[PDB]
Structures are given as structure tokens and as C-alpha cells.
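First the structure, in the form of C-alpha cells, and then the observations on it.
Letters are used for the chains, namely A, B, C, D, E, F, G, H and I, taken in the order the chains are written, and counting of residues starts over at 1 for each.
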Amino acid sequence: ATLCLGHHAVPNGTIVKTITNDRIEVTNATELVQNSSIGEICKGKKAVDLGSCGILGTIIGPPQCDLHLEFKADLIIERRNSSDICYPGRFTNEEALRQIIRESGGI
Amino acid sequence: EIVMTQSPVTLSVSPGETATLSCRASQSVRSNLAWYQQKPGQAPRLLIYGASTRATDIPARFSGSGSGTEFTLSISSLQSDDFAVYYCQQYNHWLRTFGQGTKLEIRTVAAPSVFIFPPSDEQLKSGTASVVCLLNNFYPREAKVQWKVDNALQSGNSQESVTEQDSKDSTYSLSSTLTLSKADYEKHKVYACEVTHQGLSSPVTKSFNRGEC
Amino acid sequence: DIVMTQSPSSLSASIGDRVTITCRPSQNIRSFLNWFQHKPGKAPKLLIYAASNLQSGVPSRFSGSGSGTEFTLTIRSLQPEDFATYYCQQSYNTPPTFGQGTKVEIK
Amino acid sequence: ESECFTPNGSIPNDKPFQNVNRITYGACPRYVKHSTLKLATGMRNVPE
Amino acid sequence: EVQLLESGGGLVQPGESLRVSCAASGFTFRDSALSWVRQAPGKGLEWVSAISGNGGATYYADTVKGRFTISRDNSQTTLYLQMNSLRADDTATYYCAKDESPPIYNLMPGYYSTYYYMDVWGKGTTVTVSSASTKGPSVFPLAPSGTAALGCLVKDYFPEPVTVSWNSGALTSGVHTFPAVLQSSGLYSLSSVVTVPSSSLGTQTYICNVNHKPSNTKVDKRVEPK
Amino acid sequence: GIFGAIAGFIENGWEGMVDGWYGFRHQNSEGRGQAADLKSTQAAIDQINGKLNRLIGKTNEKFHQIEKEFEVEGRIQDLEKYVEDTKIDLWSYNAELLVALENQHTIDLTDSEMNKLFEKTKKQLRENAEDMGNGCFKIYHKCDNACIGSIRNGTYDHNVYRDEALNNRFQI
Amino acid sequence: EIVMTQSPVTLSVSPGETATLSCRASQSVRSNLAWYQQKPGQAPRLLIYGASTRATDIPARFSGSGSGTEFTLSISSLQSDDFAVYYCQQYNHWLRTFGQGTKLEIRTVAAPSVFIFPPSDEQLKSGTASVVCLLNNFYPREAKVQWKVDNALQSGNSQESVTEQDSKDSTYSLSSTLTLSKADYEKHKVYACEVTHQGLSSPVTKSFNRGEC
Amino acid sequence: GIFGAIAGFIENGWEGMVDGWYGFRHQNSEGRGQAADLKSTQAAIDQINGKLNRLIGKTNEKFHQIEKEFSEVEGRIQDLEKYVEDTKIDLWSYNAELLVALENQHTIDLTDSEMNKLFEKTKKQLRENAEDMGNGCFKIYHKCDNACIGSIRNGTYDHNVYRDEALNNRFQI
Amino acid sequence: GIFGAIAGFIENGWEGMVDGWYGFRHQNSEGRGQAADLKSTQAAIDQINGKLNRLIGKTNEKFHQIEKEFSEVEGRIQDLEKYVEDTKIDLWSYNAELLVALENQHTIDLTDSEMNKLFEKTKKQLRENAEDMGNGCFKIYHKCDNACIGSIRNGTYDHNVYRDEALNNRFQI
């Protein structure tokens, strides 16, 4: 009779790195680096989406920031096309000013 | 098993200016990366290996850089003889892969001169008709040809090819062939090639009437 | 948020007897511990401050001792007027918190 | 609105590392530069 | 529905064997692990053993390391536990418990993930190990002598349990039936009491109804002021 | 692997083995069969889960730290940036080495379990079989399904077959 | 092989307040830790697993925390039905162990009402005498009973048990039985139960004289 | 261990062996005996001492550093001093944890390896005169008195001397 | 090594083998010869090159940093800058020390492993036609000319061809 010893294999292997080899295929692997967020600061949190509102604009009130003049927030979300100003100008120490506001709690 | 993508497919750079190339690579690769300069009708020639270390006795204007995924190749002082195609390889996966290739160009916009040729009587006796449209000495390379037979746009029955950039005047030329059966060719009268190109303020049509000259 | 565990919750003792009440905070509070006495219908009275200091008007039969995580109020010879509920109170961090109290009854 | 917070948003903390943001608050995976790190959980795969 | 049912158990002399079944019904496909956990009334929980896939466990507590053996019959979907060389302290309510693990563990679906937490518990089967010998209770009145208390003492029975009701279950308010105590003879004794208006003693009959199913004994005892 | 079984003298894995990581395939008078070995399978899985237990679900709490995004300030900001950059490079190194080391070890321990099963089986068969060099044993006696089963479950009695086996092995 | 110790053995918390429990564990344990709510006369029910991850469809008022050695369990909003006993298990040592158990209480101090019962004539004919002392509907649970026979303190010949907290009024009751031989019972006259409890300004004695009523 | 000898095909250790880490137990015509193997014992001990030499008695001198406890709130600079020290301690705590886990895994594997080497060496010595019973024991197919057993333990066993006797015993009916 | 071949049952290396890392030496009727084994040689070399690829030519770019030498006493901030750099260097010096010690232990073990694999593979090839002499040498119990030896080295040896001759030689008196 014949008796053979063996091990399993899979059709869909995964490439991993080892000490001696940059690319070796194993039957299964798991990812150790979290690379994504769901985009929200957590449910159970009090959050405000400024949206069109620039953040610094909350201080001085363009029409955009009308909703958010006296906002109360645990998590504050800035957005990309947001404009801090209605009449063209810029804040002195602008980046420094926002960092104050972000951690304010609201105003 | 590890694809290489170069960007763009072809670039136009004036002689003297610096031409930066791209060699984006899926998965990490740093130790081994080689650039090549394959001139038309010749074998590839090694320029840079590893990432930045250039080959022996090659000009210092060829610069190399990159890490892991994004890789670049910049040619400092460009010469008219650098009209070659450039490639990039990688390690390792025990299986080296090459890049797609980046064509390098070296002039003033020039409209094509356009010529149309009826099939020869000799060809027609063999049962087929090739109508040829020539777009001569134009720049830049982008050009469009449309064929019409009795004002009906032809689709699927033409083929075209384009020359390498001409060393003598930095232009391109393009030949398009419309192929019909003899029977079809003799059924229609007006054969026209319509050419669109940046150097032409309006598309240009060259045509002939079968059986007239 | 510091939890004060007083024991016993209640005790009875004869006139002239020595009475001992213990207080164990949920973390070390050094000497920041006070003892209050509350007689029916009167204002609660601070008896001992900072673990061992007798307040004005308090009879010397009352003494406080201990530090860290175990404190003792002793009443050395119980008198009828000592019928009251006694509380420990930590002054180590905010909010100040009180033991649940010890009712002393006279036999 | 349906433990680890980053300015990009909250992230799961089952993994030991993260590539999302060096700024974090809470019980968070440690920020690293790698975009991926695969831990083998099976033997070498030898097909044929 | 993931409930399992424990069958078997009972009274056994020390040194004997007894196996307890656990009908694993419901969501459990029985490629997941199962465990046994025993608890004696008057003591806390204690993990006994575990099973995995086929013969991967082999997981027994140090108390029963050389006595208990765990079987699994996936064809009939029943978990077993052969308890041999039973001693006195083995008297407990043996619970059959489901076993779940974090999805990161348990690589192969069948084998054991060495980190399990029990989620779905069973009804439990009580196993008593003594040299006792079943005995029905004697029932004695606790006679009342605005509110009066009266009761019944249910004495000298074995094993647990007994049930007590009053007036065939028509009297509920104010009834307290206490946990039994174990006497030095090895027999149990318990009391059941009720508080009632003093004014009802003379008009109203109070009878305690005692049932000891292990000896199929049934006693009604009228409790009279004396 | 360092033991030379997996991707070694065992030419390839079995995709058709989906009830275990290691196992037996046989051919005898009654046919051809396959059966997983649970103990070696579980031994490998337990070691890998031990690694996972060290890495998964054990993060550490940090609260108030230093700022890590910034106006130009010079010296102090250079220091805050350098401290964070130093820390990240050192953790990035730790993570890289950890994975490379654990993976090398995982591949070696799984190869080891395969080798142990092979060695254990070889000793069981005593003089009744020969190693064909590819993870297979030629068994020099009639071995029906129950006999094969006895080998797999460690109850094979070699003395029962020894005379038959020796006569078959040592002849002309 | 890895002991678990919960603290305290029993705690009294008013309904609504937060009740924090302790689960100190020798040797490190973090990955696996499960809390349970075993109500009297019922099987244990899973609340939290791992350390903080609560079971499916259980109230959010059950909170879990801890690391390595010290573990806590806090019940935010307490309800009258939470009078169960709580346990904690651990990994692994290939041998899971459970905790000792923490009893949770949910009222105004109430002195026991105390009743004493002589043995029945029926029992005496069987050769034994049980004298029963009942302490009814008291709070808190701590109570002491002493038995005296002709003013001599009895030791070693009584047993007592205490009910679970009563759902209807949050009180406890306690039964103590003094057991004598018939011969001994008939040798003495005064049988007394003395009860000490926080609700009583002085200990209370209930007694009877054998052969009087 | 990765070699499968200790806690593997060798069922358990011997508490009665107190003169060495590895050794031989025999049964023959003259009785039953036990004897330690010094070379394999010393090989294991030397490797472990090599690890100890890297770890024990090699600390590094530090003198003036930064302050690490503070009596007053200061904000920014104190945040930085605290963060630097906390970062350093976590990185050293990691190094220490991994070092011990790695060295211990290796120590358990090297000691298992030495046991396996001794077994393999003994097996080759016996040639065709013995068979492996699968539990770390050899059945020796010839009369082997105390001096014979001793010759095996000290590497002077001549298999050719017994081969004829052994083969006849092994290969029969 | 942990496998016990190199500096183990193989007494010493061969300086006269300069065309490979592992190989065969034989003695037969036609003489004595030596031949390298390329596959095991390449297997060892590939693993070592894999280590080198991780370490060689992969440095990381740093540009503007902090100052690390100072011409004047400043106190607090300078103490912090110095401490940060000193902390960083000690942690990298540790990483470098451990890396080399670990890789070297592994390199010595993998090269020992390749030697062991070649020996085991050869042993299985010979089946019942040879015996292990315990020093890395096989006594082959049949006439084996140069082509026969060659067939063993290149994996085409058919043991059945010689088995009868070999068994008669092994099992006699």
C-alpha cells in the first residue's frame, strides 16, 4: 500500500515579506495597517459640518457662516472649497488662528 | 506579476529643455530599476541602474531618481538625437517586468500637404482597389483622416501608419489606405480624404472622380 | 469621583464608651480629609479638619487620625449629645465627596 | 451618526498600526509610514 | 434560536460514573466549540472542559484532569461528558455552554481557537454525589401564637429540591420559602412562612402543601393556632 | 522552510484538503482516500493564534501630547517636528522587522509541523515500510482501510505485519 | 491555575446610581474577559466579552473596562431587576477560570419582626426537637442570631439561612433552627432567640417556656 | 520545540537526572541504569550563557539629563520634556518585551535541538543493530552488557562486532 | 547550527571545494572524486542575497533637522536638543546591534539547514542500498562506477537496479 503525507494549498494565495525573501506566497494573511476612516468623528459626539463656511469666518460672520456664529461642537469639520471671507482679505497669523478655533469647543 | 506604467505615452520637449519622465510601479521596488534608450532600428542601451546610478560612459545629462513606487527620469540638456523610446524595468518577483515606453519628441506647427492616389489599373485587374491618402511633413503628430465615398463616411476599411519624426525637419508624415473590392470601387464616383490638423484652420479635402483626369 | 467608604453604617454604644468610625477612600488622599457631625435639625458641623485638627467648640473627647487610605474618627467617652450622623469628606480633588454616613445611637 | 479619533474621522483600532494620520486621540493604532503590512496567518502556498 | 438542552444527571454514589448529554440545537452548525461549566448551589461558577472540531480537546480542568472525559457526536448533534470516579465535591449544576471566539482567531473553521467566551448558556442539569439514600420529608407546623406569622418546617429529606405552596397556591402574599440547609446527618431542612392578619386566625384555614418529587412524597399540613 | 518538507521533498500542497492543514492520502486494495490530521493542524493553528494574541487588540492609550502640525517659528518647532519624525521612523522600523521575523518563523513552524508528522509516521511503521522520498511511504503489506486508519490514529501494531513486510522487502 | 478574585463579595447600591465592580486577576490577562449576569434560578447571561465589547442586544448601561490585572464593571442606570450575581472569566492557560461572584443589592433600614416556634409534638415523638427563630422582612442583610437555653449560649447546634432580597419590598428574612435531642429538649425550660440588627436600638429576645402557653 | 523531541516524541523529562540536562537510560541483562551526556549538556549551557553575557552586567552610563518630574504647570516646554521621556520609555519597554519573547522562543528551540542531535547521533552509531521505537528509545537487537552500553555513550561502539547477531534477531519470523 | 550538520556530524569543511558551497566526495573502483551541488549552493546564496537586499542600498533621505553641536552654553532648550539626539542614536545603535546578531544566527542556521537537507535527500535516494556512517558519509553496498555516482548526484539513481546486490552485501555474516 502507499501512504502519503501532505498539506493543503489554495488557488488564491497572498504575497508576504520575510527576513530572507521580499515576495513569498502564503495561504492566508491579514493586514496590520489601518488605512481608512469612515469620515465621521463618532455617533455619541456633537459634531458640526461647516460646509461652505470657512472656519475663521465663524468669528466675523460672512453670509456663509450665518448658521455657525455661536456653534457648540465636540467635533468640527472643515471642508475644501470653503471661504473664510466675503470681501477679499486675509487674516494675519491665519493658520495659528484656526488651530485655536478647532480646539475651542465652539464659540 | 508586477506591472510597470510609464507616463505619458509620448511627450514633446524643445531641444535644450529638461524632459522629466515617469515610471509608476505597483508594489514596492527600490533596489533594482534600470532605464534604457532604445533608438529606432537599434537595440536598447542601458542608461541608469538601481535608481540613480548611471551606466558607464553615458552623458551626465541623464538623471535618475525615485523610491518604492514613483520613479522619474530627467534629461537635462536635450539633443536632437534623443528621439528614442525609454523604458524602465524592476526587481524582482523572480520575474522582471518592463515598462510600456515613453516616446520623446524634439518645431513650428506645420500643416500637412495632402495628396490622394487612385488605385492603379494594374491593381484593379487583380480584383482589389487601394485608395491612398498621404499627409506629408506635418507637426505636431496628431492628425485625423476621414474617408468618404460618394459623401458616405467609410468605417472599418482603412488602415494608416505614421513615420517616425523626420530627422531632417522634425516633421511627421502619415499614409492612409482605403481598401475596396474592384466591384465596389467601380460602383462609386467620388473618393475623398478629409484631413484635420492643428496647422489647418479648416479641415482639408482632397478628392478625385473615378474615371476622370 | 473619589468614593468614600465609611464603616460601620450604624453603631450603638453606651455612655462613657469609646467609639471608632473608619473611612477608606477609593484612592490615596494624603491628609485631605474632613469629618462632619450632623445632629437632628441642626446645621452640619465640621468637627475635624485635615484629618486631625479639632474645630472650635468641639470637645477634646473627639479625635481624628490616619492618612492616605484609612482614617479614623474616635469619640473617647460617648455622651448623649453625641447622638448624630457622622460623615467623612475628601477635599483632595473636585468634586468634594462624602462618606455615606455613620449613625451613632446611644445605649 | 450611526475609541480612536483622527482629524480624518474615527478609525477602527483592531489593527496595531495605521496610516491615516499622525494626529490621534484615544486607544489608537500606532502611526507608521507603510501603506500596508501583511502578516502571514497560514503556511507557504505551494500549488500545482 | 441557539438553545441547547442538558439531559441526564441525578444522584450517584461516590466513585461511580455518569455521563451528561447536551442536545446542541439551533444556529450552531457544530463546527464551533462547546464547553461544560459546573456550579454547586452555594458556590460560584467553574469552567470544567471544552471540545473542538473532532479530537482537538483534550481540554480539562485540573480538578477533573484524570476523571472527566468529553465526547462529541456531530452526527446526532449532541455533546457528552463522562464523569468517572466522582467524588463528593463533584455535586454541582453542570451547565453546557456555547463557545465563541473573535473572528481574527479560529483560522481553520473546525479546530480550536485558544480564546473562547461563552455566549449562550443552557438550562443545566443538577448532579448530586453522596452516599445518601432518597428520603421524603417530615412536615411540622410553625404555629402562630395585627399581623401574625405561621409556617411549616420541612425536615429530614434528601435530595433537593422540595416545593412548598400555601392553600394549594391560593395564598401568595407574604410567603417566604427559605433556602434549605444541610444537616450533619446529610439530610436537608427548610422552612416556609407566611404573615397574615391576626384576625384571620379562627376563620381562615392555612395549609402548607409540600412536594418532594424525588421520593414522590406529598404532604398537606394544616397549621393551627395552639 | 528550514526543515525541507513544505516546498521541499513534498512537491506541492493539496487544494482538495479543506478539513485540515496536514493529512494523509493512501492507496490500497480498497481504493484511494484522503484524511486530515487534526493534532498537527491544531498545533500549527495554536502557535499562529499565539502570535495574533500578542499583536491584535492590545493598543495603548495616549491622551494629551505635543502639536504635530503648524506658522514658521524656528527652533522649538524644529525640535517638536524632529521628535515626532524620530518616533515614527523607530516605530516604522519595529513594525517592518516584526512582520518579517514573524513571517519567517510562521513559515518555519508550519514546515516543522509537517516534518514532525512525517517523522512520527515513519517511526510507527518500523520495518514495515520505506520512505519513497516524496513524503510517501511504500507499505510492504496488505493494508485495508482499517489498517490505514490505525496508522492515522496511532494504534497500528507493526508486529502484526512484520513477517509479511520483511518477506516482501527483502527478496529478489 | 490562574485565580480570579472579585471585590467586594456583595455591594448595596441605590437604584439609579452607578455600581462599579472589581475583577482582580493574578497574572496578565487582556485578550479574553467575559462578564455575566446570573439571576437567581436562571442560567448565566453574557454581558461583555474581551474586556469592553458588550454582547449582542444588551443594554448600554453595562460598561466594561480593565487591562492585564485590574478589571472593572460599571452598571450605569441601575434597575430593580439587576439583583443578579456577576462573574468574570479569563484566558487562558488552556484552562479558563471563573470569578468568585459579586452580589448586587437594590431601601430604608427595617428592623426584623422576630418569631420563635417550639418543636411540634409530632417532631418530639420522632426523637428530635427543632426550635425555629424567624427574622422577618429586615434591611440591611446583616443580622445576628444567638440561641440561649436556660440562659446558656448554644454553640454548634444551629443552622441558618437567608432569603434572596425580596422583589416586593427589598427586604431579607432569615430562619435559624436550633436542633436538640428530645431528651435534651425536655431537660430545659427557657428557649430564647436573641437578635441583633442595625434597625434595633437594642438586641431583641423572643423566648418561650417549654410546657407553657 | 520545532524539532519535536522535547515535549514531543520524548514523552517527559527525568526528575531523577540531576547531573546533566540530557542523558541515557538503559535496560540490559545486568540491570537498569542512567547516565548524563556531558557534551550535549555543555553545548546547551554554553549557548544560554552566551545570551546571558549579552544581557547581564553591560549597562550604560548616563549623567546629566532632563528633568522628569515637575512641581508647577508650565505648558509647552514641559509638554515636550514629558513627551520625550514617555516616548523613550515606551520604545525601551517594547525592546525589552520583544527581546525576552524572542530569546525564550530560541532557548526552547535550541535545547530541543540539542536533544534531537544526541538522538540522531546515537541512531547513526547503532547502524543496523537497533530500531527506533518512536519514543526516544532504541531496541538494541543484541546482548549489550554495561561496557557495551558504556561504549555507545562514549562513542567507541563498534557496530560490526554485533552486526551478525543483530541482523539475525531483526530479520526472522 | 541547530541542525547539527555543519560543525556537527560533518567534522570539517573542504578548502579544496571552490566551485560550490556544498558537494559530494566519493570513492569507488575508478578512483576518488569531488563535485559541487549547485541547487543547494544557490538556495543558500539566494537567501543570503535576500537579506542583503533588505539592508544594502536602501537609505532614507533627511534634510533640515536640528542642530547637534553648540558653541555656547544655553541650558534648558540645548539640554533637550542634545537629549533627543542622544536618545535617537542609542535606539538606532541598539537596532543595528540586534539586527546583525539575529541575522548572523539565522545565516549560520540556514546554511546548516541546507547541508542537512542535501544529506537527507541523498539518504532517501539510496533507500536500502546504503548505510549512514555517521560522519556525513554513506557506505554504498554495491559496485558504483563514475556514472552511477553521477546518477546519484543528479537525481537519476534507480535504487531498484542495485537493490538485490546491495541487500546481499548488507545482510550476511
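Simple rule for what comes next: a contact is a pair of C-beta atoms (placed from the backbone, for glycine too) under 8 Å apart; a residue touches a chain by one contact, two chains touch by 3 or more.
Steps from chain D to chain I, minimised over paths through touching chains, total 2. Chains that count as touching both chain E and chain H, per the definition above, are F. Ranked by distance of CA centroids from chain I, the top chain is C.
Taking the mean Cα position of each chain as its centre, B sits at the greatest distance from chain G.
Centroid to centroid, with C-alpha atoms defining each point, chain D and chain H lie 38 Å apart. Centres computed as Cα averages put chain C at a distance of 77 Å from chain I. Computed centre separation for the pair chain C/chain F is 66 angstrom, with centres defined by C-alpha atoms.
Mean C-alpha position of chain B lies 88 Å from that of chain E.
Residue numbers of chain B whose C-beta contacts span two or more other chains: none are found. Among the residues of chain I, those in touch with two or more other chains are 3, 53-54, 77, 80, 84, 87, 91, 102, 106, 110, 171.
Counting partner chains per residue, chain E shows two or more touched chains at residues 102, 104, 107, 114-115. Chains that are in contact with each other form these pairs: A-B, A-D, A-F, A-I, B-I, C-G, D-E, D-F, E-F, E-G, F-G, F-H, F-I, H-I.
Residue ranges of chain F in contact with chain I, taken from their complex: 2-4, 8-9, 75-76, 78-79, 82-83, 86, 89-90, 93, 97, 100-101, 104, 130-133, 169-170, 172. The residues of chain A lying in touch with chain F in their complex are 1-11, 16-20, 24, 26-27, 30, 32, 93, 95-96, 99.
For chain I in complex with chain A, the residues that touch the partner chain are 47-48, 50-51, 53-54, 103, 106, 110. Taken together, the chain F residues at the contact with chain G in this complex read 53, 56-58.
Contact residues of chain F toward chain A in the complex are 6, 10, 12-15, 17-18, 20-29, 52, 55, 67, 69-71, 95, 99-101, 103-104, 106-107, 110, 114, 117-118, 121, 129, 132, 134-139, 141-143, 147-148, 151.
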